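# Secondary and tertiary structure notes
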Amino acid sequence: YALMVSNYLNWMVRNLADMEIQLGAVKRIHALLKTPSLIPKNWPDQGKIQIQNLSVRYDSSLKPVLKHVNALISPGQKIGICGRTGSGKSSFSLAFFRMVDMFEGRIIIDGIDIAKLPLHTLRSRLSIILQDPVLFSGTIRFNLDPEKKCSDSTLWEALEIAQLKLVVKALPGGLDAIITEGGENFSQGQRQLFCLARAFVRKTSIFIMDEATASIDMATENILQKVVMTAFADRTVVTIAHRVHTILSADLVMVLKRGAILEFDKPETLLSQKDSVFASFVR
């Protein structure tokens, strides 16, 4: 045993060094590891909402993003929101989906707020189309309805309404084209059409349109907005963009000031009351 103890010793020490470096690699995994009364009543189609004295902050105890935000929205009425970059419109959308964890005030939808509802119900109640679209890999059924609850005629109707049925029928199999993450399988307008098909199948009855205009040709964006208007006669939509005509077509609009907002109900009244200084030439 003494003629050979040395080799066992060396195995021991070298394997110990290796095990230590591998355990140090493992430790970062644990470092990452430590990071119903209104439910039974179906969510109402009445999109009347009211956010009374709202504020929002990004990080705990930092500079506030909003300041004394008070607004109300009537049922079945299209709402627009304006403001420059960093004015707080993306923050307002994220707070409407309570994505910011340092908001103050009470925010409501039909007398209902985020005090007693889990996230799952909070995401089966509103729809949203982001400025950054993506088409994750899979088939068309996996992009339209990843949950897959919706039936085939439903997806076909959502594609026909979204002006996408013809190009879908021109693919192998139909509703089963193997898509790749991003890629070059569809056009930007067709990606936005897929986003609008997601919005169609969501059936939230409340829509949020977070810059469905950026990085889209005007000749296609205008007909896109025309289709989204002719299709959305109900199910109140709140939009945000930097286009003139998009803000012009909305009824209730609130100009985002430096830290606060100033709301206006009638669109044709506020675009000439300021004498075209802060709401018309800015739009």
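Reading guide: rules and limits
- Residues numbered from 1 in each chain as written, not as in the entry; some residues may be left out.
- Part of a larger assembly, values for the part shown.
- Heavy atoms only, no water.
- Residues with missing side-chain atoms left out of burial classes, pairs and counts.
- Helix = DSSP H or I, 4+ residues; strand = E, 2+ residues; numbered from the N terminus.
- Rg over C-alpha atoms; globule rule 2.2 N^0.38 Å.
- Pairing = 2+ DSSP bridges.
- Axes fitted to C-alpha atoms, helices over the stretch in contact; angles between N-to-C directions.
- Contact = heavy atoms within 4.5 Å.
- Parallel < 35°, antiparallel > 145°, perpendicular 65-115°, else oblique.
- Nonpolar A, V, L, I, M, F, W, Y, C, P; charged D, E, K, R; others polar.
- Salt bridge = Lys/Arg side-chain N within 4 Å of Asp/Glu carboxyl O.
- Buried < 20%, exposed > 50% of the residue type's maximum accessible area, 1.4 Å probe, protein only.

Along the chain, the regular secondary structure elements total ten helices and nine strands. Computed over the C-alpha atoms, the radius of gyration of the chain is 26 Å, more than 25% above the 19 Å expected from 2.2 N^0.38 for a compact globule of 283 residues. Projected onto its principal axes, the C-alpha coordinates of the chain cover approximately 100 × 55 × 45 Å.

The subject of this paragraph is the sheet that holds strand 6 (residues 207-210). The strand order 5-6-7-3-8-9 describes an open sheet built from six strands, whose pairing is mixed. The open sheet has two free edges, formed respectively by strand 5 (127-129) and strand 9 (261-264), since each of these has just one partner strand. The mean angle between the axes of side-by-side strands here comes to 15°, regardless of whether they run parallel or antiparallel. Packing against the sheet, helix 2 (residues 89-96) makes contact with strand 3 (79-81), strand 5, strand 6, strand 7 (237-240) and strand 8 (252-256), and its axis sits at approximately 150° to strand 6.

What follows deals with the packing of helix 7 (residues 188-202) against helix 8 (residues 218-231). The interhelical angle for the contact between helix 7 and helix 8, taken along N-to-C directions, is 10°, at an axis separation of 12 Å. One finds that helix 7 runs roughly parallel with respect to helix 8. Between helix 7 and helix 8, the residues in contact are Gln192, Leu193, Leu196 and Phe200 and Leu224, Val228 and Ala231, respectively. Here the residues of the contact of helix 7 with helix 8 sort into six nonpolar, one polar and no charged.

Time to look at the sheet that holds strand 2 (residues 69-73). Overall, antiparallel pairing links the three strands, which are arranged 2-1-4 in an open sheet. Two strands in the sheet have a free side with no partner beyond their single neighbour: strand 2 and strand 4 (102-109). On average, each strand axis in the sheet is tilted by 20° relative to the strand beside it, whichever way the strands run. Where strand 1 (residues 49-57) lies against strand 2, four bridges are found, and the strand directions are antiparallel.

On to the pattern of salt bridges, then. Here the idea is simple: oppositely charged side chains can pair when their charged atoms come close. Using the criterion set out here, one finds four salt bridges in the structure. A salt bridge links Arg106 to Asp113; the shortest N-O distance between them is 3.2 Å. Residue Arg106 is classed as partly exposed on the basis of its relative accessible area, which comes to 45%. Assessed through its relative accessible area of 14%, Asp113 is described here as buried. Between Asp152 and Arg141 there is a salt bridge; the shortest N-O distance is 2.9 Å. Linking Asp152 in helix 5 (residues 152-161) with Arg141 in helix 4 (residues 140-144), this pair joins segments that are eleven residues apart in sequence. Judged by its relative accessible area of 38%, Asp152 falls in the partly exposed class.

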